[PDB]
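> The structure's right below; bear with me while I get my questions together.
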Amino acid sequence: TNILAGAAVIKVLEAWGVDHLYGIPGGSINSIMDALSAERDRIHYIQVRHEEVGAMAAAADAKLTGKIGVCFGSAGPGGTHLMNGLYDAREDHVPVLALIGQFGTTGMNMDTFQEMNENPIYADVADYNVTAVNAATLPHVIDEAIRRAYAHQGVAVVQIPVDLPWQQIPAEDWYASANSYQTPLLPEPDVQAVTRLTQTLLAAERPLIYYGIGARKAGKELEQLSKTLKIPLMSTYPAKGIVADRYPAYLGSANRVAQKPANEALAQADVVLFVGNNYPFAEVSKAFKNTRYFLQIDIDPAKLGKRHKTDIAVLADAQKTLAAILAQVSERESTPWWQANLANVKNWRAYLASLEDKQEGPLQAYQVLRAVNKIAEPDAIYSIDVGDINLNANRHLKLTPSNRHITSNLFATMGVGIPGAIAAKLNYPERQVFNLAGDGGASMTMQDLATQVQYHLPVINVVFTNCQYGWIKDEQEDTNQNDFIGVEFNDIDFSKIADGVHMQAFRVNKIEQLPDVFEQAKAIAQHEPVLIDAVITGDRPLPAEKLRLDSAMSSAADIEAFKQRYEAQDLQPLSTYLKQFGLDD
Amino acid sequence: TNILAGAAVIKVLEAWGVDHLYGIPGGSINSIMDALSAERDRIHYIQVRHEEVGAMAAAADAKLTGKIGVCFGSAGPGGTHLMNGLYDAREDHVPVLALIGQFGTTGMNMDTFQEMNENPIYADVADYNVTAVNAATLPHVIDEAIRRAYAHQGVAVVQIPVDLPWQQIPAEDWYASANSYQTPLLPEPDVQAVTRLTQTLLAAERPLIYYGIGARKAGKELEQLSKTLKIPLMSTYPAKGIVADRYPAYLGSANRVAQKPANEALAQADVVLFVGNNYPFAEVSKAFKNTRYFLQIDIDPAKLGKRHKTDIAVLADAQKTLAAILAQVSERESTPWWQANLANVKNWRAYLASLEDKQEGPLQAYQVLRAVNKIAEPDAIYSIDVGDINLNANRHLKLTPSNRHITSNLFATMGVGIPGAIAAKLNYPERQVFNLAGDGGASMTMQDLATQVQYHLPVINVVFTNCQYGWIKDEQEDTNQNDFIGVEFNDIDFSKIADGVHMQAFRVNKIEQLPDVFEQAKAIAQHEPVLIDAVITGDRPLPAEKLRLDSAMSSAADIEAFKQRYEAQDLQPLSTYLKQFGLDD
Amino acid sequence: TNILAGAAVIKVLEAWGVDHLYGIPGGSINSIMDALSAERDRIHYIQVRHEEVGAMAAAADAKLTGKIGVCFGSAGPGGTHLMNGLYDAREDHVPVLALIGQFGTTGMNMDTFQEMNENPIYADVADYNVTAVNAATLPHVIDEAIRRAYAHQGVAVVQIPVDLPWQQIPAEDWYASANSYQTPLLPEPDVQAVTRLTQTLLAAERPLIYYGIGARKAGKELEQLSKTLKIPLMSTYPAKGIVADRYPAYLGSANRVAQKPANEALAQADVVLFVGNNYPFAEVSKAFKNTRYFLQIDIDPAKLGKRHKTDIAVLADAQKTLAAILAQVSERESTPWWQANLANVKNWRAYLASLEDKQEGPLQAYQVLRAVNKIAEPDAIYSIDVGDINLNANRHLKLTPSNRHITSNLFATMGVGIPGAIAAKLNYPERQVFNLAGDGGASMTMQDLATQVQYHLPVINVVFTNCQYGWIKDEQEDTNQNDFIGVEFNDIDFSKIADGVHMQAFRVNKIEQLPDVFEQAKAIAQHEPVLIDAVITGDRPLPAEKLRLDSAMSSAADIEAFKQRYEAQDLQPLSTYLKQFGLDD
Ligand SMILES: Cc1cc2nc3c(=O)[nH]c(=O)nc-3n(C[C@H](O)[C@H](O)[C@H](O)COP(=O)(O)OP(=O)(O)OC[C@H]3O[C@@H](n4cnc5c(N)ncnc54)[C@H](O)[C@@H]3O)c2cc1C
Ligand SMILES: Cc1cc2nc3c(=O)[nH]c(=O)nc-3n(C[C@H](O)[C@H](O)[C@H](O)COP(=O)(O)OP(=O)(O)OC[C@H]3O[C@@H](n4cnc5c(N)ncnc54)[C@H](O)[C@@H]3O)c2cc1C
Ligand SMILES: Cc1cc2nc3c(=O)[nH]c(=O)nc-3n(C[C@H](O)[C@H](O)[C@H](O)COP(=O)(O)OP(=O)(O)OC[C@H]3O[C@@H](n4cnc5c(N)ncnc54)[C@H](O)[C@@H]3O)c2cc1C
Ligand SMILES: CC1=C(CCOP(=O)(O)OP(=O)(O)O)S/C(=C(\C)O)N1Cc1cnc(C)nc1N
Ligand SMILES: CC1=C(CCOP(=O)(O)OP(=O)(O)O)S/C(=C(\C)O)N1Cc1cnc(C)nc1N
Ligand SMILES: CC1=C(CCOP(=O)(O)OP(=O)(O)O)S/C(=C(\C)O)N1Cc1cnc(C)nc1N
Ligand SMILES: [Mg+2]
Ligand SMILES: [Mg+2]
Ligand SMILES: [Mg+2]
Ligand code: NA
């Protein structure tokens, strides 16, 4: 006949299939805590050590599964701790529900302890942002929040005065709209636009297909189009893995978290098919300045012609359209453009292998990532933090459609390593999970290594200890007139941190130590989390956006300096392979 | 003839006497980094491990010295990390300048990497919140920011597109207005209002003077008024120390971070002189429901009659007015009210001493704070985190006008322990500095123990490890119907954390271990930071807001249960002492 | 080689097909004015007398044509005047671009004249809200604004520092993405879902189809489904006219801007097909409290199960879905439910006709609307203000698919009549256009009658002068315990107002005056605007939400007072017709 409004709120979450949620309790949220406590069997509460880890893990939930992630923070500081995760969810356009504690309605606007107007705090990050003021409608407001987060692919925030969830409401009034939820049936891709787009791509002398995660369902089609038409593939960094890295005509990604062949080919291309792609460096890097025809496939009207003057922009699903293209084309013989690219990729990969294959001496990030590769199961999930690791993992990880990898793509918040791995292991307890993090990022969220221990989540944590914000140091080397500042700092021994949180750990600093430590980590991680602290050199990884290899473009002095610094003696510029197969620049 | 706008910005900071500032660099703030790098001799940059520690330490700077604290974060996640500190500065009404990184003006609004409209993020927390759009006026905007932060006692935020500080500006145009800065000369307190207020206080049969930090300059006058007029003193928690704790008629503070005698006396008082006080529990706890006359002294017109219907509210400086009162009164003989209170205080203090004086057995927070007292120099500064520690430190620390103590008073953000101690040691390198923190709060900012090590800041860190959010667990015991949730968690060994950051540390769990460990900590801290991890029991400290000691108010069953739980067999209720000296309730 | 940024911005607007835009110049927007001036042959600036009218006209443009409306206001007060129109655009979810003047980037943040941070002002209303900081990127930011406003169906606001449009940019870099524009994809109905929905609809004893403007393209399908299946139709008020009003099974709308048969039928329905409908009164009025099954069709996932729990929800285009239902059903025989409703409608229409058909005496709103009907062309466009006129127009206008009517549906801002008619006549110079408005609403925007004069826009303005806010007076009558306040005021003669702006006008107060005044107006408006000021009685229109006609529910005394007040002696309650055909209430 009556139900507590809090109990009904948890039933709304359960109706929508929310399996787990994150936060830290407080007085301002103890009535939501009270409802969660009665429902331990149906919904799994994860107590984190800092509320940003809960928000980040909620975002990672949605990134991995497509289902709304859920977090909460108490009034004031609990809620404002959420911000780095909430902005990550906004920028990465994934559905997240955030519940914020608030003092009871009798105490609001009284200027009492930790009481403030919380609504303005969340106005910018949130697609939906409301303070609940009635217990009876509270389940509806939560339901509304979830449904809007899904529809708009962003953050819904509800501030909840603590009195409301302890109030009785009629047991029969409230409902969830989970049962109405569905995905649309779209028409077939516009037939005549697709045909026209196909002709333009096929008429190109130096075509590229450049996809992002919008093409995540189209791995098979992308690779078959490439093979059939002899058109090299490049992607955004996040789209690594959609097509297996081993594919010989995968060029990699452009800009900085980038691979040499992709940057080089992009500069030469006359036609780009830009699919499911919102590459944020398009305009600022002038990526398409020499492109003749720009073709686009996107599902979002807001993206149409956004990144470059577009000759044909098809509004449609990536996979459906690429399938439609493939159904109207057939085999083309190998071209000079194709052979030059394949050769360029081969050369690039032998370079990366030479870095990986060093057997002895001072540990670099390159051999550490080889060691990850050697213990990695074919369906492992990588939660990647922010810094050099994005660049190194992009180059070195050997990913297939079976893998997943996540980072903070566009907000680029450091600290995501640990929470992303926690979310990954909670959703996929049977899959191997890595957290690959630099020392600066790992230290931002280090306390939540304890959360992995507490909830028995067998993450393999690999910390890359360079004693630097390496990513930023390299930027300062490029732009700053004065000395390095704030980018070299004191060592933290993360194997001791892990010990302090009661996690098994190792610290290595020599290449020859890798195989036995990674073997042990692999085994330990059948049951318990583990951390390897890899003490690495401060060597700058090859800057793909600053290549000095082409005689027509750079001085011999610049080239020899570059080859020396980046162990790049055997790298050839693309022009070498173009000229080899009869092409100019 | 020309100067870099960034170089001029640093000269503005130097003009205002900014000694040190906190942050983490990024590409979006590397031009401000570049200017800081040339000015290492005049301004000291502190690289923190998480930007919330920089914001919190900036707030603590202003709390301790009265001078603007300065922090920065890079675009996106660097800036949003600042939030817990910035809200602490807003709520604690201290001047803070926060600089936020932003992409260059050529890239703004392009939807590029980590680029967003940052202005809405800071609208709620900031008294002043602007995006700079011109290099030439940039020093003025920073100057304006600082001057408004001081004038309005809050947070000024400036978002800085990274291109601007690398632009040349005329060397002679920019200026700082530091030279104009002054404090007002106020008239004398309103003579006739003060006289009238004095008569009402003196006519009271059960008077109290109840001061907050607004009376920080009036320690001498407060204590002499009390002694002369025979009027017991109570304060807000933050106002502990203004009058020495040893003063026999100091009652303590009310509510929860509270002391028994203050709560009891407040309930009996017929007249309260409320001075420099903005107690946030006034209305919600109905603190003054039985008060006959409410008198107020405050410097802020916004506070006048804010917390209770006020009979006389003098707009004036606390110290000046209390001095003016003292100059028109003379000795009154001891009264029953005064003797009852003195007796009540004595009884209370013998209780606290009995907890402190245990010599052997399971370690409690009480003996740990005694151990702090025994190594504490008379002018030590305490940076206190948030939770049971506020309640325990308030009761146990033996403070005089020579000490300072700071916490997050009203925003009550956990994590402030470490940054507050960092700020304290940077401002006062010759004073002993403690960080007193619970395990939940210490773990939120644990990474910045490394900042103490890096900058050789000899903080004595004392972590109270109960494996609980004890403050919240006790709240759940009081309000929640269902089981404890999110309040008991896994151990973190902070002596291992400290080892991992290369700090000397100890872990203790027995009362008998205290003296030698604290002696070692004291010595180590002559040159280097140190941490003591105190493993304590989960005993609930006596709830001063839930006393069960008075036969007229509670059942004998409730009283015996209370005495048992809180080792309170020898505590008597105030009514016992009132009746002893001839008074009723 | 170069172009002025402001020139490039106007070219973007031209590429997007903007014909006209509204606003008022100022110094802070004179460089955009300058660009507009050079371009007066290709894009048409409409100078209004108040910026709210320009914003409301822009919203109405988009409401009428689906093409983005464009307005602007100068720095400070110019832009804040836009708000009521911008909020109308947000709530009615139509694309609007608002350009806001701002001081030059050299004077921004200097606290100069009318200079402020303008960005927080627009954060709440706007889908996209940015301050431009670079001239080269300005055309892009404008293009970005328009694309987003279209895609997200809402307001894009750009604050433009005045220096930027006077700066030269490379002539060959900027582009518009207008060429790439597409409308969102129309999802298809699941076949099995539609079959399940149809069978639930056919099994109903008391079915209703209840459509909103989401079904504006499915009038034919709605009417054929009603005829074929013998299922009565009802709509939201904005959906009036999608099916011709003369259709004998059209019940009208529910709640207050409502018709008696729709409210009565809805109360009795067992099954509702809710199509392209977001009726904001669903929950608060408990519209569906006795509905057994609720079937929903909507294109927006955010609406599915929002207003009631669904038994079947179809995420698809309304017309595609309704066409699919119609294709799987055949002719059904009449039912008692069908007949009772047909009879209820006949009774209701005879009541409205009796009101309209009065030939002499004190003028009421009803005969004024009859006079509108008599001069109205089959494809007239009605811009309607806010108040009694929504209720009266809803009952009396005889609309068909060939008409359009607009008001401020959801924000419900008064004053929209005048600007909506301005926009109407600009978009459809060969269609007859009415502005129907109460005296309160006409007053708010009365100065822009001068705008119709200035641009020679032949609107037929009809003001309903009751010297009251009648809508609000009636509410006070219903809820307030004390006397009317603020709801009856002094007369304004709008024929004199019209004379003052140099518009031909009449003032009438008797029923017998209408035919000749309206014939004159009809003729005048072949070439120029005209105004009819109709002095009407203070009669309350029949409250369809407070029917007192059924003696099983109301006292005989309440029924007679209701019949007498509303001239409803011949109205019968639905239960009369349900009983005639053998059904209970
Ligand atoms: C430190 C760091 C540095 C980085 N630098 C780089 C870098 O140098 N190089 C790089 O490549 N990346 C880099 N990034 C990642 C980068 O910022 C962007 O997030 C990324 O390039 C955008 O990738 P995307 O287009 O695949 O994803 P999104 O921006 O999510 O875009 C997805 C697109 O596909 C569309 N879409 C979605 N579903 C469909 C569908 N079914 N059909 C068709 N279209 C669909 C969407 O509308 C959208 O346009 C970096 C990240 C980090 C953390
Ligand atoms: C976990 C936690 C729990 C807490 N709970 C309690 C509790 O139970 N009990 C408790 O006492 N505190 C508690 N607090 C602290 C509490 O929230 C408030 O911050 C505190 O009570 C307010 O103290 P105040 O009035 O001294 O300071 P403020 O709020 O800063 O007020 C200062 C006042 O003095 C005025 N003023 C400033 N200068 C002058 C001057 N020169 N002359 C005259 N007036 C001046 C100001 O205008 C203002 O009114 C808690 C803190 C924490 C972290
Ligand atoms: C003074 C005043 C009083 C009012 N009171 C009343 C009242 O008493 N009664 C009343 O009815 N109205 C009233 N309103 C109007 C009211 O506030 C709402 O705007 C209206 O009822 C909602 O109508 P709607 O659902 O047609 O419009 P919207 O709220 O615009 O909803 C349209 C729906 O259709 C969906 N849709 C859009 N396109 C498609 C498609 N192709 N296929 C399927 N679905 C689609 C959308 O997702 C949306 O859910 C009043 C207005 C005024 C000015
Ligand atoms: C400091 C920093 C970075 C350095 C990361 O240092 P790490 O030690 O984690 O990584 P490595 O490069 O040394 O291997 S990257 C970065 C970007 C990409 O914006 N920032 C700026 C930044 C600063 N602060 C936060 C919370 N997030 C950020 N992204
Ligand atoms: C979790 C918590 C608290 C528990 C602190 O746990 P601790 O372990 O630090 O302290 P103890 O009580 O166990 O000795 S106190 C609190 C208040 C006063 O609001 N909150 C809510 C809270 C939650 N999150 C943040 C960042 N700040 C907060 N103040
Ligand atoms: C005063 C008023 C109304 C009265 C309208 O007075 P009118 O004189 O225009 O209409 P009438 O009813 O007398 O024919 S309706 C209303 C609604 C529906 O919200 N409001 C409140 C209102 C008040 N102010 C504005 C700008 N918009 C509003 N909608
Ligand atoms: Mg590093
Ligand atoms: Mg604790
Ligand atoms: Mg009126
Ligand atoms: Na942390």
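Numbers here mean position along the shown chain, with the first residue as 1.
Looks like X-ray crystallography, 2.3 Å, at least that's what the header says.
Using N, Cα and C of the backbone, Cβ positions are placed for all residues, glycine too.
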> So Swiss-Prot lists C:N466, C:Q468 for Mg(2+); which of C:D439, C:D493, C:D499 goes with them?
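Between C:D439, C:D493, C:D499, Swiss-Prot records just one in the Mg(2+) site with C:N466, C:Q468, namely C:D439.
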> Tell me which residues of the chain lie with their Cβ under 8 angstroms from that of C:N466 (Mg(2+) binding site), as long as they are six or more apart in sequence?
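In sequence order, the residues whose Cβ lies under 8 Å from that of C:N466 (Mg(2+) binding site) (at least 6 apart) are C:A365, C:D388, C:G438, C:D439, C:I536, C:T537, C:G538.
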> Would you identify the secondary structure of C:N466 (Mg(2+) binding site) according to DSSP, in three states?
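Looking at the DSSP assignment, C:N466 (Mg(2+) binding site) belongs to neither helix nor strand, so coil.
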> When DSSP is mapped onto helix/strand/coil, what comes out for C:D439 (Mg(2+) binding site)?
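The residue in question, C:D439 (Mg(2+) binding site), is helix (DSSP, three-state).
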> Please identify, from the binding-site residues C:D439, C:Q468, the residue with the sparsest Cβ neighbourhood, meaning fewest other Cβ atoms within 10 angstroms.
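Checked C:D439, C:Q468; of these binding-site residues, fewest Cβ neighbours within 10 Å: C:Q468.
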> Quick check: with C:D439, C:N466, C:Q468 left out, which same-chain residues have Cβ atoms within 8 Å of the centroid of the Mg(2+) site Cβ atoms?
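Going along the sequence, the neighbours come out as C:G438, C:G440, C:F464, C:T465, C:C467, C:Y469, C:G470, C:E488, C:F489, C:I536, C:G538.
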